[PDB]
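Text of coords.tsv, listed as TSV, C-alpha atoms:
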```tsv
chain	number	residue	atom	x	y	z
A	1	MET	CA	-18.38	-13.44	-8.69
A	2	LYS	CA	-17.56	-10.83	-8.23
A	3	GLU	CA	-19.13	-8.35	-10.64
A	4	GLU	CA	-19.30	-6.30	-7.46
A	5	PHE	CA	-15.55	-5.87	-7.45
A	6	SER	CA	-15.67	-4.92	-11.15
A	7	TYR	CA	-18.00	-2.05	-10.33
A	8	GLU	CA	-15.93	-0.90	-7.34
A	9	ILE	CA	-12.56	-0.96	-9.15
A	10	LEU	CA	-12.54	2.30	-11.08
A	11	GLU	CA	-9.03	2.08	-12.49
A	12	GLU	CA	-6.36	-0.60	-12.41
A	13	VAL	CA	-3.32	1.57	-11.93
A	14	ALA	CA	-0.41	-0.89	-11.39
A	15	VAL	CA	0.39	-4.57	-11.00
A	16	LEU	CA	3.32	-4.81	-8.57
A	17	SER	CA	3.84	-8.58	-8.48
A	18	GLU	CA	2.24	-11.92	-9.24
A	19	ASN	CA	2.64	-15.23	-7.45
A	20	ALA	CA	2.51	-18.87	-8.51
A	21	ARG	CA	-1.22	-18.98	-7.87
A	22	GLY	CA	-1.91	-15.95	-10.05
A	23	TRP	CA	-2.65	-13.58	-7.19
A	24	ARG	CA	-1.30	-10.07	-7.79
A	25	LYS	CA	-0.38	-7.17	-5.53
A	26	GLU	CA	-2.08	-4.20	-7.15
A	27	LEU	CA	-2.45	-0.45	-6.93
A	28	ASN	CA	-6.07	0.30	-7.91
A	29	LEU	CA	-8.40	3.28	-7.62
A	30	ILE	CA	-11.48	2.02	-5.83
A	31	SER	CA	-14.86	3.20	-4.63
A	32	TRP	CA	-15.99	0.87	-1.80
A	33	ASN	CA	-19.79	0.77	-1.84
A	34	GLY	CA	-20.28	4.19	-3.47
A	35	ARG	CA	-17.86	5.92	-1.10
A	36	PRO	CA	-15.34	8.56	-2.26
A	37	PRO	CA	-12.67	6.88	-4.43
A	38	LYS	CA	-9.36	6.00	-2.87
A	39	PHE	CA	-6.10	4.38	-3.93
A	40	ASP	CA	-5.91	0.82	-2.65
A	41	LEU	CA	-2.82	-1.40	-2.42
A	42	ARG	CA	-3.66	-5.03	-1.91
A	43	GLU	CA	-3.35	-8.64	-3.08
A	44	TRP	CA	-6.09	-9.84	-5.50
A	45	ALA	CA	-7.00	-13.28	-6.85
A	46	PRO	CA	-6.58	-13.90	-10.64
A	47	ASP	CA	-9.85	-12.37	-11.91
A	48	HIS	CA	-10.40	-10.16	-8.86
A	49	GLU	CA	-12.76	-12.83	-7.55
A	50	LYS	CA	-11.48	-12.30	-4.02
A	51	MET	CA	-9.28	-9.84	-2.16
A	52	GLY	CA	-6.49	-10.32	0.35
A	53	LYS	CA	-4.85	-8.08	2.91
A	54	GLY	CA	-3.85	-4.56	2.02
A	55	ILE	CA	-4.32	-0.89	2.78
A	56	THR	CA	-6.36	2.04	1.46
A	57	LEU	CA	-4.79	5.48	1.02
A	58	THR	CA	-6.90	8.57	1.56
A	59	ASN	CA	-5.98	11.21	-1.01
A	60	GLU	CA	-3.94	13.11	1.57
A	61	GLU	CA	-1.86	9.98	2.30
A	62	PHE	CA	-1.41	9.21	-1.38
A	63	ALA	CA	-0.11	12.71	-2.09
A	64	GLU	CA	2.36	12.37	0.81
A	65	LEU	CA	3.41	8.94	-0.43
A	66	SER	CA	3.82	10.53	-3.84
A	67	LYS	CA	5.84	13.56	-2.67
A	68	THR	CA	8.06	11.08	-0.81
A	69	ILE	CA	8.58	8.70	-3.70
A	70	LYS	CA	9.45	11.65	-5.96
A	71	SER	CA	12.00	13.32	-3.68
A	72	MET	CA	13.29	9.84	-2.98
A	73	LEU	CA	14.11	9.44	-6.65
A	74	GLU	CA	15.71	12.85	-7.19
B	6	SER	CA	10.77	-10.34	15.47
B	7	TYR	CA	10.83	-6.99	13.64
B	8	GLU	CA	13.05	-3.90	13.63
B	9	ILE	CA	12.40	-0.51	12.09
B	10	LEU	CA	15.62	0.38	10.27
B	11	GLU	CA	14.43	3.74	8.92
B	12	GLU	CA	11.30	5.82	9.26
B	13	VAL	CA	10.94	7.13	5.72
B	14	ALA	CA	7.68	9.12	5.88
B	15	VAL	CA	4.50	9.74	7.85
B	16	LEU	CA	1.54	9.84	5.48
B	17	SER	CA	-1.24	10.60	7.94
B	18	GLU	CA	-2.03	11.46	11.54
B	19	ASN	CA	-4.70	10.28	14.00
B	20	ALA	CA	-6.54	12.33	16.59
B	21	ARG	CA	-5.93	9.24	18.72
B	22	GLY	CA	-2.17	9.38	18.00
B	23	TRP	CA	-1.85	6.74	15.28
B	24	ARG	CA	0.16	7.41	12.12
B	25	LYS	CA	0.20	5.75	8.72
B	26	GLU	CA	3.89	5.42	7.93
B	27	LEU	CA	6.26	4.25	5.23
B	28	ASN	CA	9.17	2.52	6.97
B	29	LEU	CA	11.99	0.15	6.16
B	30	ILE	CA	11.57	-2.92	8.30
B	31	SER	CA	13.66	-6.03	8.86
B	32	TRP	CA	11.60	-9.10	9.78
B	33	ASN	CA	13.41	-11.75	11.78
B	34	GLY	CA	16.74	-10.19	10.84
B	35	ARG	CA	16.35	-10.52	7.08
B	36	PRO	CA	17.05	-7.73	4.60
B	37	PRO	CA	14.64	-4.82	5.22
B	38	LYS	CA	11.48	-4.30	3.20
B	39	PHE	CA	9.38	-1.18	2.66
B	40	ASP	CA	6.29	-1.27	4.83
B	41	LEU	CA	3.13	0.84	4.74
B	42	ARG	CA	1.23	0.52	7.97
B	43	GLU	CA	-0.62	2.15	10.86
B	44	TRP	CA	1.34	2.63	14.06
B	45	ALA	CA	0.27	3.69	17.52
B	46	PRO	CA	2.30	6.49	19.14
B	47	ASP	CA	5.94	5.57	19.83
B	48	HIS	CA	5.33	2.46	17.73
B	49	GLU	CA	4.02	1.02	20.98
B	50	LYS	CA	1.68	-1.12	18.84
B	51	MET	CA	1.56	-2.30	15.26
B	52	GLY	CA	-1.66	-1.93	13.27
B	53	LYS	CA	-2.79	-2.87	9.76
B	54	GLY	CA	-0.52	-2.42	6.76
B	55	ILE	CA	1.30	-4.18	3.95
B	56	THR	CA	4.92	-5.13	3.19
B	57	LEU	CA	6.41	-4.55	-0.27
B	58	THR	CA	9.26	-6.56	-1.77
B	59	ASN	CA	12.01	-4.62	-3.56
B	60	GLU	CA	10.48	-5.45	-6.91
B	61	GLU	CA	7.01	-4.37	-5.78
B	62	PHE	CA	8.30	-1.08	-4.45
B	63	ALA	CA	10.27	-0.46	-7.67
B	64	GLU	CA	7.14	-0.98	-9.79
B	65	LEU	CA	5.21	1.31	-7.46
B	66	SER	CA	7.81	4.06	-7.78
B	67	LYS	CA	7.83	3.75	-11.58
B	68	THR	CA	4.05	3.87	-11.71
B	69	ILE	CA	4.00	6.94	-9.46
B	70	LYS	CA	6.78	8.33	-11.64
B	71	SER	CA	4.53	8.16	-14.72
B	72	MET	CA	1.59	9.74	-12.94
B	73	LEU	CA	3.80	12.79	-12.52
B	74	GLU	CA	5.10	12.44	-16.08
B	75	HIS	CA	8.51	10.74	-16.12
```

What does this structure look like when you write it as structure tokens?
Amino acid sequence: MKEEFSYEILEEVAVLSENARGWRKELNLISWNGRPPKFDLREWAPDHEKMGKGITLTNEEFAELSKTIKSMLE
Amino acid sequence: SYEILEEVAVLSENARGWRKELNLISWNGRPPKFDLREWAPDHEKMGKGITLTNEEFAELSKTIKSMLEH
């Protein structure tokens, strides 16, 4: 509970923050239910037992986010 | 309630007009935060998205930095 999340999370890419209850805002690469993998930015309970609110990035959005973050860093 | 202080980038585009955008947003007049979210045309309506603190956005930029190489 949930070993389902463990299967869907393909790569844990970044932990952005953690709160006093152990929840973390995370960038992960995720396949929801066998769908094409996507980057996912979202709050997760301590052992990924439950997810909170967040957003998925299609690969086109993630490249645009990435081109932006790069040029916006020199 | 909220104010968009800068529109930093549009990541994606709807057929129905909606865009996924990275913006700087001040909530209730507090210092702005980066915000990744879906917006209807003209920002007429706010959709689903997520706010990032300064520390969260810094870690994200560093991570993305690595994935390039730096």

Discussion item. Taking only C-alpha atoms into account, name the residue in A:2, A:42, A:56, A:64 that is nearest to residue A:16.
Written reply: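 Answer, going by the shortest atom-to-atom distance: A:42.
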
When you get a sec, could you note down which chain A residues fall within 9 Å of chain B, using all atoms listed in the file, as a PDB file with C-alpha atoms, in the coordinates of the input?
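Final output, selection36.pdb:
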```
ATOM      1  CA  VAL A  13      -3.320   1.570 -11.930  1.00  0.00           C
ATOM      2  CA  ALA A  14      -0.410  -0.890 -11.390  1.00  0.00           C
ATOM      3  CA  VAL A  15       0.390  -4.570 -11.000  1.00  0.00           C
ATOM      4  CA  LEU A  16       3.320  -4.810  -8.570  1.00  0.00           C
ATOM      5  CA  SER A  17       3.840  -8.580  -8.480  1.00  0.00           C
ATOM      6  CA  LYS A  25      -0.380  -7.170  -5.530  1.00  0.00           C
ATOM      7  CA  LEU A  27      -2.450  -0.450  -6.930  1.00  0.00           C
ATOM      8  CA  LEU A  41      -2.820  -1.400  -2.420  1.00  0.00           C
ATOM      9  CA  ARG A  42      -3.660  -5.030  -1.910  1.00  0.00           C
ATOM     10  CA  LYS A  53      -4.850  -8.080   2.910  1.00  0.00           C
ATOM     11  CA  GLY A  54      -3.850  -4.560   2.020  1.00  0.00           C
ATOM     12  CA  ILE A  55      -4.320  -0.890   2.780  1.00  0.00           C
ATOM     13  CA  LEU A  57      -4.790   5.480   1.020  1.00  0.00           C
ATOM     14  CA  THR A  58      -6.900   8.570   1.560  1.00  0.00           C
ATOM     15  CA  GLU A  60      -3.940  13.110   1.570  1.00  0.00           C
ATOM     16  CA  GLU A  61      -1.860   9.980   2.300  1.00  0.00           C
ATOM     17  CA  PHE A  62      -1.410   9.210  -1.380  1.00  0.00           C
ATOM     18  CA  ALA A  63      -0.110  12.710  -2.090  1.00  0.00           C
ATOM     19  CA  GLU A  64       2.360  12.370   0.810  1.00  0.00           C
ATOM     20  CA  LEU A  65       3.410   8.940  -0.430  1.00  0.00           C
ATOM     21  CA  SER A  66       3.820  10.530  -3.840  1.00  0.00           C
ATOM     22  CA  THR A  68       8.060  11.080  -0.810  1.00  0.00           C
ATOM     23  CA  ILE A  69       8.580   8.700  -3.700  1.00  0.00           C
ATOM     24  CA  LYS A  70       9.450  11.650  -5.960  1.00  0.00           C
ATOM     25  CA  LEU A  73      14.110   9.440  -6.650  1.00  0.00           C
TER      26      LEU A  73
END
```

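Atom to atom, atom CA of residue B:51 and atom CA of residue B:38 stand 15.7 Å apart.
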
As AutoDock Vina command-line options, please report the centre and edge lengths, rounded to one decimal in Å, of the axis-aligned box that holds all listed atoms of stretch 35-52 of chain B with 5 Å of padding on each of the six sides.
```
--center_x 7.7 --center_y -2.0 --center_z 11.8 --size_x 28.7 --size_y 27.0 --size_z 28.3
```

Practice prompt. Find the residue from B:46, B:6, B:75, B:39 that sits nearest to residue B:22; use only C-alpha atoms when measuring.
Written response: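 When distances to residue B:22 are compared using only C-alpha atoms, the smallest one comes from B:46.
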
Item to complete: Write out as a list in words which residues come within 9 Å of residue A:47 when counting only C-alpha atoms, dropping same-chain ones fewer than 3 positions away.
Response: residues 2, 22, 23, 44 and 50 of chain A

Worksheet entry | Two-atom distance - atom CA of residue A:12, atom CA of residue A:43 (Å) |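 Rounded to one decimal, the two atoms are 12.7 Å apart.
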
Worksheet item: What is the distance between atom CA of residue B:28 and atom CA of residue A:40, in Å to one decimal?
Response: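 Between atom CA of residue B:28 and atom CA of residue A:40 the gap is 18.0 Å.
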
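Distances from B:44, B:74, B:59, B:49 to residue B:24 were compared using only C-alpha atoms, and the smallest one belongs to B:44.
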
Worksheet item: Using only C-alpha atoms, which residues sit within 7 Å of residue B:33 once same-chain residues fewer than 2 positions away are excluded, as a PyMOL selection string?
Response: chain B and resi 6-7+31+35

Practice prompt. Considering all atoms listed in the file, return as a PyMOL selection string whatever protein or nucleic-acid residues lie within 9 Å of residue A:9, sequence-local ones (same chain, fewer than 4 positions apart) excluded.
Written response: chain A and resi 4-5+28-32

Please rebuild stretch 15-40 of chain B with N, CA, C and O atoms and return the result as a tab-separated table (two decimals), in the coordinates of the input.
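Wrote out02.tsv, looks like this:
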```tsv
chain	number	residue	atom	x	y	z
B	15	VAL	N	5.80	9.84	7.20
B	15	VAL	CA	4.50	9.74	7.85
B	15	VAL	C	3.47	10.26	6.87
B	15	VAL	O	3.53	11.42	6.45
B	16	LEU	N	2.53	9.42	6.47
B	16	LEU	CA	1.54	9.84	5.48
B	16	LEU	C	0.36	10.54	6.11
B	16	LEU	O	-0.18	11.50	5.55
B	17	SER	N	-0.06	10.06	7.28
B	17	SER	CA	-1.24	10.60	7.94
B	17	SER	C	-1.12	10.53	9.46
B	17	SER	O	-0.23	9.88	9.99
B	18	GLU	N	-2.08	11.16	10.12
B	18	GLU	CA	-2.03	11.46	11.54
B	18	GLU	C	-3.41	11.26	12.17
B	18	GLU	O	-4.42	11.77	11.68
B	19	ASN	N	-3.45	10.52	13.27
B	19	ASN	CA	-4.70	10.28	14.00
B	19	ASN	C	-4.96	11.37	15.03
B	19	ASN	O	-4.03	12.06	15.46
B	20	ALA	N	-6.22	11.53	15.42
B	20	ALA	CA	-6.54	12.33	16.59
B	20	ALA	C	-6.13	11.50	17.81
B	20	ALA	O	-5.70	12.03	18.83
B	21	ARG	N	-6.23	10.19	17.65
B	21	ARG	CA	-5.93	9.24	18.72
B	21	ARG	C	-4.44	8.86	18.76
B	21	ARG	O	-4.04	7.98	19.52
B	22	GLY	N	-3.62	9.52	17.94
B	22	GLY	CA	-2.17	9.38	18.00
B	22	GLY	C	-1.53	8.50	16.93
B	22	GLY	O	-0.31	8.54	16.71
B	23	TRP	N	-2.36	7.71	16.25
B	23	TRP	CA	-1.85	6.74	15.28
B	23	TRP	C	-1.44	7.38	13.96
B	23	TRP	O	-2.11	8.29	13.46
B	24	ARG	N	-0.34	6.90	13.40
B	24	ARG	CA	0.16	7.41	12.12
B	24	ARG	C	0.22	6.30	11.09
B	24	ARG	O	0.52	5.15	11.42
B	25	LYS	N	-0.07	6.65	9.84
B	25	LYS	CA	0.20	5.75	8.72
B	25	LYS	C	1.59	6.11	8.22
B	25	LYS	O	1.85	7.26	7.85
B	26	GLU	N	2.49	5.13	8.22
B	26	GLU	CA	3.89	5.42	7.93
B	26	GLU	C	4.47	4.51	6.87
B	26	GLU	O	4.06	3.36	6.72
B	27	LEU	N	5.43	5.05	6.12
B	27	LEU	CA	6.26	4.25	5.23
B	27	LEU	C	7.60	4.08	5.96
B	27	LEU	O	8.27	5.06	6.26
B	28	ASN	N	7.96	2.84	6.24
B	28	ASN	CA	9.17	2.52	6.97
B	28	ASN	C	9.93	1.45	6.23
B	28	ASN	O	9.36	0.77	5.38
B	29	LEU	N	11.21	1.31	6.57
B	29	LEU	CA	11.99	0.15	6.16
B	29	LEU	C	12.07	-0.78	7.36
B	29	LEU	O	12.46	-0.38	8.44
B	30	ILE	N	11.67	-2.03	7.17
B	30	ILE	CA	11.57	-2.92	8.30
B	30	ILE	C	12.26	-4.24	8.00
B	30	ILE	O	12.07	-4.80	6.93
B	31	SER	N	13.07	-4.70	8.94
B	31	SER	CA	13.66	-6.03	8.86
B	31	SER	C	12.82	-6.99	9.70
B	31	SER	O	12.53	-6.71	10.86
B	32	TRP	N	12.41	-8.10	9.11
B	32	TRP	CA	11.60	-9.10	9.78
B	32	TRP	C	12.49	-10.28	10.10
B	32	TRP	O	13.07	-10.86	9.19
B	33	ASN	N	12.61	-10.61	11.38
B	33	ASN	CA	13.41	-11.75	11.78
B	33	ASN	C	14.83	-11.67	11.25
B	33	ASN	O	15.43	-12.68	10.89
B	34	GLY	N	15.36	-10.44	11.19
B	34	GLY	CA	16.74	-10.19	10.84
B	34	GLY	C	17.10	-10.39	9.38
B	34	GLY	O	18.27	-10.54	9.05
B	35	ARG	N	16.09	-10.37	8.51
B	35	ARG	CA	16.35	-10.52	7.08
B	35	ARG	C	16.47	-9.13	6.46
B	35	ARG	O	16.21	-8.13	7.13
B	36	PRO	N	16.87	-9.06	5.19
B	36	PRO	CA	17.05	-7.73	4.60
B	36	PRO	C	15.75	-6.92	4.69
B	36	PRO	O	14.67	-7.48	4.51
B	37	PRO	N	15.85	-5.62	4.99
B	37	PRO	CA	14.64	-4.82	5.22
B	37	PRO	C	13.74	-4.72	4.00
B	37	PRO	O	14.20	-4.79	2.87
B	38	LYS	N	12.45	-4.52	4.26
B	38	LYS	CA	11.48	-4.30	3.20
B	38	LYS	C	10.69	-3.03	3.51
B	38	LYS	O	10.52	-2.68	4.67
B	39	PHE	N	10.27	-2.32	2.48
B	39	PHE	CA	9.38	-1.18	2.66
B	39	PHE	C	8.07	-1.68	3.22
B	39	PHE	O	7.63	-2.78	2.91
B	40	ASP	N	7.45	-0.86	4.05
B	40	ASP	CA	6.29	-1.27	4.83
B	40	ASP	C	5.41	-0.04	4.99
B	40	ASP	O	5.88	1.03	5.38
```
